[PDB]
Every structure is written in C-alpha cells, then in structure tokens.
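Peer 1: As given, the protein sequences belong to chains A, B and C, one line each in that order.
For any residue, its number in the UniProt record's numbering is found by taking its place in the first sequence, counting from 1, and adding 547.
When the letters of the second sequence are read in order and numbered with the UniProt record's numbering, they come out as residues 55 to 202, 211 to 357, 369 to 743, 751 to 894.
For any residue, its number in the UniProt record's numbering is found by taking its place in the third sequence, counting from 1, and adding 274.
Pasting in a structure now, in structure tokens, and then I'll have a few things to ask.
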Amino acid sequence: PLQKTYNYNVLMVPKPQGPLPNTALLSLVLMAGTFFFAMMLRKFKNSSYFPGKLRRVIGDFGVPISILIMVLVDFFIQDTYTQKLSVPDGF
Amino acid sequence: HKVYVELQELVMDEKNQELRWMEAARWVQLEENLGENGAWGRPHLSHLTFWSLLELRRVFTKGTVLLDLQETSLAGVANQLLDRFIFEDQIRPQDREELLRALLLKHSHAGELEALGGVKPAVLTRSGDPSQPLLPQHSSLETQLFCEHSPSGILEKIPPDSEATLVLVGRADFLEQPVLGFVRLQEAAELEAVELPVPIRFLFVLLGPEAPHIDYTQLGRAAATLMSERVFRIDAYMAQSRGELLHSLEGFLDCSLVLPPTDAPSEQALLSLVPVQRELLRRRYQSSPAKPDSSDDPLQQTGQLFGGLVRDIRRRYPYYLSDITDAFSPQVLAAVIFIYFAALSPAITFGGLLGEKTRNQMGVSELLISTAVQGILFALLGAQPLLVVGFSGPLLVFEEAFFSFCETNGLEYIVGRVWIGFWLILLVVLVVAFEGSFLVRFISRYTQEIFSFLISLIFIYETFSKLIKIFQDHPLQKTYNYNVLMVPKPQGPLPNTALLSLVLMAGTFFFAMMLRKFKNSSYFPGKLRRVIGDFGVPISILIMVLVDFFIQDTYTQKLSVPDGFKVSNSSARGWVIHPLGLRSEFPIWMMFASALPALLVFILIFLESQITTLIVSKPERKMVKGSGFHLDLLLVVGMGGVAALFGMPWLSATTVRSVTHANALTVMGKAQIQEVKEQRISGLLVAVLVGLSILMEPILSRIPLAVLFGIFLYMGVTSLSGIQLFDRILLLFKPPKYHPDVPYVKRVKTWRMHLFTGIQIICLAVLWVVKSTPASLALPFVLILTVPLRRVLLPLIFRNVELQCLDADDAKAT
Amino acid sequence: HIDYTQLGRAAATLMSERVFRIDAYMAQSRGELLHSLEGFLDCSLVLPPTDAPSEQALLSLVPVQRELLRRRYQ
C-alpha cells in the first residue's frame, strides 16, 4: 500500500515482507508503458510512414521490441524492487 | 407582389380508416413543410425533381384552362370544371359521381391532427374506398433533412392586401391519364378550405392514375414552384388564352439551370456558378417589365494622421452588443474554466521565479494584479478580444539582464523602469500616429510557421525539463529518511512523489485524448455528446483532483498563493515609486540613455503582438468580425508603460494561450471549422478570476501541481496541428508514394519539398542554438532577418511558381 | 429547342460518370442502357430561377447533394 513511513530492516530473500516504497507505482508505470508501446506499434504497422518492407518488418516485431525495451528499462534501475519470473531448478 | 401558395393531398388517418384533405406545405418566397409531429420546418429554397418537371410540362401541354369564371365557392367551380373535363373528353361521364365526392371533403389544418393521430398516403379506388398503393414508394428528400411562432411570422411577412393560390393533388386508379385544371376567378373570393383569412384567386387541380416515374407530392411541389415566380404570376394576371401560358412555360424552362450528379462534390468549384445564374436571372428579367431587387484591410497606409486607430475603432466597436450576447453558450464557460488555469499557472511560475531571482523586488502578487488589470482593460476596450495577454520568457530574460546591469553599475532598478515605460509610451504613440504597422505585411507565412513551431517546441522542452528536475529532486533509492520536516519544503528525497507525479500526468493527458476523441465519435445523443466533449478538460481536472484527494498519506506539491494584496519586499519598496528618486536621487545621463532598453522592449512587444495577431487571424479560421492592429498595440503598450510607472511589470500578448483560447471557442462541423465564437466576456471573466485567485486559498491548496502538467502537454500537442512546416516534416518520412493531394506536392517534385523543409529546419536549428547561446537577446532580430532571405536570396535558388505554390500566404487559394 | 453543342455537352457529362461507364462496359442490349440512364437521371437536382442571394442558395444544397449521392451508390 501507499503509506507515510516504511520499515527498511526487512529481509526479502523469500518474499517482500511489509510494504515497499516504489514497487506499486513502478509496476503501474511499466504496465501502462508496455501497453501504450504495443498499441502505438500496432497502429504504426498499418500506417504509411516508412518504406513498405522496413515498415512491415518493424510492425511485425512490435510485441518483442516493446517487451525487450521495457525489460531493459527495468534492468537499468538498480535499487528499486520489481517482482520477477522464477522457474524450478531442474526436471 | 408576393403571394401565398398552398397544397393539399388526399390522405388517411391513423385513428380510423377514411379519406380526407391535408395540407402538406406552404410558400411565401420559400418552402415550409411539416412532418408527422405537426411542426413546420424552417423555410428554405424549394428543389424540384426531374420527373416532376417532365410531367408538369407534359400535362400542361394538354391542360384545360378556364379564365375569369364567375363563381362564389368551391362546389360551383368543381361542378363547372368537371363539366369542362366532360366537355373536352378528358374523363368518362361515369366517373363524375366519385370525382365529385373526391373533391368535396373537409380541408382541415394541422391543429386537429394530434387528436387525429397522423396521416399516411392512400389511393382512391373506383368503389370509393381508400387503398394502399401497389407500386413501391420512396422517402421524400426534404422531410428528413429539413424537418430532422411560425404562423405569426407567416402572417407578418404576408402583406394584409394579398390573394392566395391552391393546388389539390390526388391519385385515382380508375383514370386513363393524369389531368390538370387551372382556373382563375373573376374576383377575389374567400373559401372555407383555407383557414387563413386571405382570399384566393387562382386554383389548380392535378389528378391522375398511378404510373412509374410520377410522384404526386413532387408534382404539387413543382406546381407551387411554378406559381411562386414573379413574371409567370404577372403573365397569369394578364393571361387571356392557353398559348400565352405555353409561352410563359417555355420562357420559364428556357431560363432554367439543371445540374447533374457528380463524383465528389465541393463548394470551391461551385462558387464559380454564381454569375451564370445571375445571367439567367438577367435573361429572365430580359423578358420582364419588372426588375429584381438586388442586381477593407486591417493594415493599410492612409493619407491622414492617426488613420489606423480610427479605422480599427469604426470597424470593431459597432460589434459590442454582439460581443456581449454571443457569450451565452456553455462552450464559453468551458473555455473560461480552461484558460483560467492556462493563464494562472505561468503567472505563478514567473512570479515565484522573478521573486527568488531579483531579491523579491517583484513577486507573485504584483504579477497577478497586472495580469488581471491588463486582461480586463484589453478585453473591455480592445479590437481583438481573442488574444490572451500574459508574461513571457524574453521579458523575464530582459528583467534578468537589467537587474544584473543595475547590480553591477550600482544604480537603482525599479526607478529606471519608470523612465523605460515613459519612453515606451512615447514610442508607441509616435508609431501609432504614423500608422507604422503596415510593415506587418512583409512578414510572410515563413516567419509565422517558424515562430509558432519554435514556441511550441520551447514549451514542450521546458515542460519536460521541469519534470526531469522534479525527478532529479526526489530520486529512486532503496532507503529514505523519515524524520524530515516538510513544513516549508520536503527536505531530502521522497519515496513516491516522482512516480505518482508521472502516473498522474500520463493519466490526465491520456484522459484528455479519450475525451477529445469521444467528442468526435457517434456514441451518445448529439446534444449530450457535444456537451460532454466540450467540457473534457475541466471534467478530467475534477476527476484527477478527487483522485488526489482520496489518497491520504502520499505527499504531492500543492498550489500556494500569497496571503494578501501586499508588496513582495516591503523593506525597500512602496505602492508608488517616485520618479526623481526612491532613496537616492536619479542621475541625468541615465535619464537620457534609458531610451536604449525601451527600444528593445518595444521591438519585443511589437514583434510578439503582431506575429500573434497574424497567426491567430489567418483567413482559414472563419473569423467574421474584423481585427485591429493599431488599437491593440496602442492599448497594450500604453497600459504596460503606465503599469511600469507604478513599479508593476509590462506584459505582452501570449501565443499558446491565445491560440488555445481561439481553438476552445470554435464550433466545428463534421473536420470542418463551422464557426468561431468571438466575444469579450471570456477575457473579462478569465482576468477577474486570475485577479481573485488570491481569495481562494482553501480550494486551491488541495490541487496538486502535477495536474497542470497534463494540461500543458495537451496544450503543446494541440497547438502543433495547424503548422505547415510540421506537415512537411511529417512528409519528410513518408515515401513519395504516400504524399497528400495538396497543390505544393503535385506541382513541384518531392526532392524539392525536402530541400525546402531542410532549409527551414536549418533555420530552426540556428535559431535554437542562438537561443541556447548566452547572446539570447539577439533572438528576435535574427528572426526578422528571415524576411529578407525570402525576398532576395530564395528567388536565386527556386522558381517563381515553386515559390508561390510552396510558400503560399493563403491555404485555400494558391 | 436543339443546340448540338449543348447536346454534346450533355452526352459528355453522361460519359464522365463512373457507374454509367461500368454499365457501358457490361452493356449487352439497349434495355439495360435505358434503365441505367433512367437511374442516372433519377438522382439529379434542378434549381429554378430564384431571387435569393446566390451564394446562400448554392450553399443550402450541399447536404441535399450529399444525401442524393449517398442514395445513388445503393
């Protein structure tokens, strides 16, 4: 939640205990940014702005480009926490 | 001279199966028709149809004509006309007993019909019973467009001494061919078929069986439009036989104009059809004894002293009652609410910045009072009341430079500004006296586009720089301190301020786009849809203010205004500044040299105001009332000088605020600029609101500063539409296969438009770099130097037709 | 009541239409051609001589023309 003060001697190895300062808003901004980028690339695919070959090539890769750009944006931020993907170790 | 024509048909009622006479339209110089409601549409020109004209001629060539018959009532004329139709063998004698009933029924008007319930077309049979037509029917053209009080206006337009004409149309399946009767009475007579007290002289009867390409409603409409013409009516006043009517028919048809359906209709190519229609009128009035009734620059050099001021006053000031009255729409209220914040925010920003910059010599309250007064006076006595006056950037730069210079040399600051204002007043009086505003003629579209585009770019850049500063002040870290005192200001970084601000801005901007697009959609009833679409920005502002009000624990910067109408620094300043000396006496040589900064301030103000008036008042944006140059310049500069006397700052016309105001007071057609509401109430209300803003502390203290960022982004996106250099930059990316159909694309090759756009972009880049250079005060001069570049150097590279098609001063005409 | 220049102008204005020339490509007998000419003449508007202001009279027709051209393409 959005509170006035947080505790900062919290152990986060298994999972975030207690509220965190900037997680909820970074999550909301990242989701909205990914959606907005997806919609603009979907609309650019059908536009008439570049040569047809390069335009269609860029428009067909809209979702992977937005995902890679967005994830890199999250990778550049160091101190802020964001929930990640986790898979089992082995078969 | 002007007559009334009525048309009645034989229809059936929804109450009970029957037959009766109902009128369908009325004609006094125009056509008026009613729908199922019983309400009459607004009068309009009557448009005929092809089969109507063909069959009117065909039946009129073989029509019985009875002239000056001695009767008193409809029954007798009916008997005589049916005897005439028997006489010329137009109908069989075994038909008369039904026909007599057909033309003897109650002729009732619209007021009973609501009790009746409504009517629909029905057909006579041989038996005597109504029946539905067998051949299919199509919807009439005039009732959906025109229909989807009035009789008092009808009787006022009708002169008290007049006579009327009637046409009675009906369909009967037991006939062979359509028949027509045309009777003119001996003397005027009042008849009980017309409830209006006017008498009748002429009368038509159009009967017939059902046939393809025949619509009896259109046939009656054709008969009425035949009756409405002046010369044909005059001929009927003097007609003595049938061949005379034939010659008048031929004369009417000869001066008729037929237009076919086309592929893509337009108004611009259609406006060239005015003179030939006039010539048809002339050719019609070629034959007649009677005759038809109907057969400025804002900047200009005049040979009189003070000519421009009188010209602008006489052109604009007669429009004061209309300027007062046109403000009663709700769009005016929405525009007021919008421009209030749009003008309040930069006022507060510049006031705080100047107060912290000049050691509180000038602050927020003085700026608020100045904007309020110079808005009120300019809206009350101005020639163009669509301009929005306010503080700018170059004025702040000049204040900075002057404060630095007076700090260095050791003289006072607020006293010299009084002499600067005096010199400003003298200079503006001298220029307005010699009407020196015609030089605005030399500023072409080039400079307007460059200036407006640059202004919008600087706006967006400053907004984004402010945001990046806000993010820099409260970074994203892993831990913060929480024994920080935030009473004067948040000390140290804060957890959730920067990201909540970014989310809120994006939400407001995003909401603005959805409401702007919903205004143009087709999702709700038109009235409520347009009402909701016109108030999009205030609705979004209220929504976001409530959203911030619900969140309790997170901190967001709020709006704060001074406590009262007090001076910024009451230690060294007063309400009135003595020109001779405030604390120490004023030198003589600076008194005499103070003209130099006054000249630069005058150049800035004049250039800004004239370029703003050029951009706002282009011919494409449907501005009906005239706009004045000398009057606005005189008012603005003189009031700025007198305010500089009081120690208060001078102001100038603002570009983005004025264009946003003009765009807010625009009612657009389905897009097409339908019209633009010009009035003086909006500016007065915004100025009064910005002035009284200091008394609304409890309400304003809960509005976060980040809400206005969404409005700033919306303003920056909206102001970028009309730019033509922006369109050519968009065309810099598309391949030459997708360029639009404007003339400057078709007449010249593509790689020439690209060269033009590149030259203009180079000009933009040099202007911006010079703006970044510490020699920023030389930005306006360089700008006007683009005018000689277009006048001398460009004709050395391009050709004259290329220069006319690309750099066109008007958009529609090239 | 015959001008050969105007008769040719009427023929040319006939020939300048899209759907009629499509019907001319698909024509195989005189009856369809007459029916298509009937359909073309069914969707025109004639303006009588009126003493109204000419620009206002000409601009009042525009949405009528829009509806007529929407009706023809059906």
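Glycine residues also receive a C-beta, built at the ideal position from the N, C-alpha and C atoms.
Three-state secondary structure (DSSP) at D626 of chain A?
Peer 2: In this structure, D626 of chain A counts as coil in the three-state DSSP scheme.
Peer 1: Closer than 7 Å, Cβ to Cβ, to anything on chain C: give me those residues from the stretch 94-115 of chain B, in chain order.
Peer 2: Residues passing the 7 Å Cβ filter: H98, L99, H101, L102, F104, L107.
Peer 1: What's the call for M776 of chain B, buried or exposed, on a 16-neighbour Cβ count within 10 Å?
Peer 2: By the neighbour-count rule (16 or more Cβ atoms within 10 Å), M776 of chain B is not buried but exposed.
Peer 1: DSSP has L335 of chain C in a bridge; who is on the other side?
Peer 2: Paired residue(s): none; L335 of chain C is not in a bridge.
Peer 1: Per DSSP, what kind of secondary structure is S725 of chain B in: helix, strand or coil?
Peer 2: Strand, per DSSP.
Peer 1: At 4 residues or longer, what runs of the alpha helix (DSSP H) sit wholly inside the UniProt region "Involved in anion transport" (559-630) of chain B?
Peer 2: Those alpha helix (DSSP H) runs which fall completely within the UniProt region "Involved in anion transport" (559-630) of chain B and span 4+ residues are 570-592, 599-607, 609-623.
Peer 1: Within 7 Å (strictly less), CB to CB, does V634 of chain A reach chain B?
Peer 2: Chain B, which has no Cβ nearer than 7 Å to the Cβ of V634 of chain A, makes this no.
Peer 1: If the cut is a Cβ gap below 8 Å, which residues of chain B does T279 of chain C touch?
Peer 2: In chain order: nothing, as chain B lies at least about 16 Å away.
Peer 1: Expressed to the nearest angstrom, what Euclidean distance is found between the alpha-carbon atoms of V59 of chain B and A286 of chain B?
Peer 2: So the two alpha carbons sit approximately 6 Å from each other.
Peer 1: Taking the straight line between their C-alpha atoms, what separation do you get for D889 of chain B and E218 of chain B?
Peer 2: Using only the alpha carbons, I get a separation of about 47 Å.
Peer 1: Buried or exposed for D297 of chain B, going by 16 or more other Cβ atoms inside 10 Å?
Peer 2: Per the 10 Å Cβ criterion, buried.
Peer 1: Just mark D887 of chain B as buried or exposed, buried being the case when its beta carbon has 16 or more other beta carbons within 10 Å.
Peer 2: Burial call: buried.
Peer 1: How would you write the range of the beta strand (DSSP E) that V756 of chain B sits in, first residue to last?
Peer 2: Run containing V756 of chain B: 752-756, per the beta strand (DSSP E) assignment.
Peer 1: Label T552 of chain B either buried or exposed according to how many other C-beta atoms from any shown protein chain fall within 10 Å of its C-beta, with 16 as the threshold for buried.
Peer 2: The residue in question, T552 of chain B, is exposed, as its Cβ has fewer than 16 Cβ neighbours within 10 Å.
Peer 1: Run the proximity test for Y555 of chain B: is its beta-carbon closer than 6 Å to any non-hydrogen atom belonging to the ligand GDP?
Peer 2: Judged by which ligands are present, the structure shown has none, so any question about the ligand GDP falls away.
Peer 1: With the cut-off set at 7 Å, would you say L704 of chain B and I449 of chain B are in Cβ contact?
Peer 2: Cβ atoms of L704 of chain B and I449 of chain B: not closer than 7 Å.
Peer 1: Are the stretch 392-402 of chain B and the stretch 332-345 of chain B touching by the rule of at least three beta carbon pairs closer than 8 Å?
Peer 2: No, they do not touch.
Peer 1: Determine which residues of the stretch 531-553 of chain B have a Cβ less than 8 Å from any Cβ of chain A, and write them out in chain order.
Peer 2: Of all residues in the stretch 531-553 of chain B, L549, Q550, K551, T552, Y553 have a Cβ within less than 8 Å of some Cβ in chain A.
Peer 1: Could you tell me whether the Cβ atoms of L527 of chain B and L572 of chain A are closer together than 7 Å?
Peer 2: Taking 7 Å as the Cβ cut-off, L527 of chain B and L572 of chain A do not qualify as a contacting pair.
Peer 1: Please report the residue range of the alpha helix (DSSP H) in which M833 of chain B lies.
Peer 2: Note, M833 of chain B: alpha helix (DSSP H), 830-852.
Peer 1: When the Cα atoms are used, what is the spatial distance from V620 of chain A to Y628 of chain B?
Peer 2: Their backbone Cα atoms lie some 26 Å apart in a straight line.
Peer 1: Could you check what DSSP says for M741 of chain B in three-state terms: helix, strand or coil?
Peer 2: Reduced to three states, the DSSP call for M741 of chain B is strand.
Peer 1: Which residues, in order along the stretch 798-825 of chain B, keep a beta-carbon less than 9 Å from a beta-carbon of chain A?
Peer 2: Within the stretch 798-825 of chain B, the qualifying residues are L810, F813, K814, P815, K817, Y818.
Peer 1: At a Cβ threshold of 7 Å, is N87 of chain B touching chain A?
Peer 2: Not an interface residue.
Peer 1: As a quick exercise: from B:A352, B:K539, B:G436, B:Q625, pick the residue whose alpha carbon is nearest that of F464 of chain B.
Peer 2: When each option's Cα is compared against that of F464 of chain B, the closest is B:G436.
Peer 1: Under a three-way DSSP split, which group does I803 of chain B fall into?
Peer 2: The answer is coil: DSSP assigns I803 of chain B none of H, G, I, E or B.
Peer 1: Apart from the five residues just before and just after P240 of chain B, which ones in its own chain have a Cβ nearer than 6 Å to its Cβ?
Peer 2: Here the set comprises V113, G270.
Peer 1: In whole angstroms, what is the alpha-carbon distance linking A416 of chain B and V770 of chain B?
Peer 2: Roughly 8 Å between the two C-alpha positions.
Peer 1: May I have the straight-line CA-CA distance separating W75 of chain B from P458 of chain B, to the nearest angstrom?
Peer 2: Roughly 56 Å between the two C-alpha positions.
Peer 1: Among all the DSSP beta bridges, which residues are the ones paired with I262 of chain B?
Peer 2: Paired residue(s): B:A226, B:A251.
Peer 1: Quick one: any contact between the stretch 604-617 of chain B and the stretch 420-436 of chain B, if contact means 3 or more CB pairs under 8 Å?
Peer 2: No: the two stretches stay apart, fewer than three of their Cβ pairs being nearer than 8 Å.
Peer 1: I want to verify the contact list: residues of chain A whose CB lies under 9 Å from the CB of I624 of chain B, in sequence order.
Peer 2: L549, listed in chain order.
Peer 1: For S162 of chain B, list the residues DSSP reports as bridge partners.
Peer 2: According to DSSP, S162 of chain B bridges with B:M76.
Peer 1: With a threshold of 8 Å on Cβ separation, who are the neighbours of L453 of chain B within its own chain once the five nearest residues in sequence on each side are excluded?
Peer 2: Within the same chain, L453 of chain B has close Cβ partners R760, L764.
Peer 1: Using a Cβ cut-off of 7 Å (strictly closer), state whether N593 of chain A contacts chain B.
Peer 2: Chain B, which has no Cβ nearer than 7 Å to the Cβ of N593 of chain A, makes this no.
Peer 1: Using only the alpha-carbon positions, how far apart do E254 of chain B and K160 of chain B sit?
Peer 2: The straight-line gap from Cα to Cα measures roughly 9 Å.
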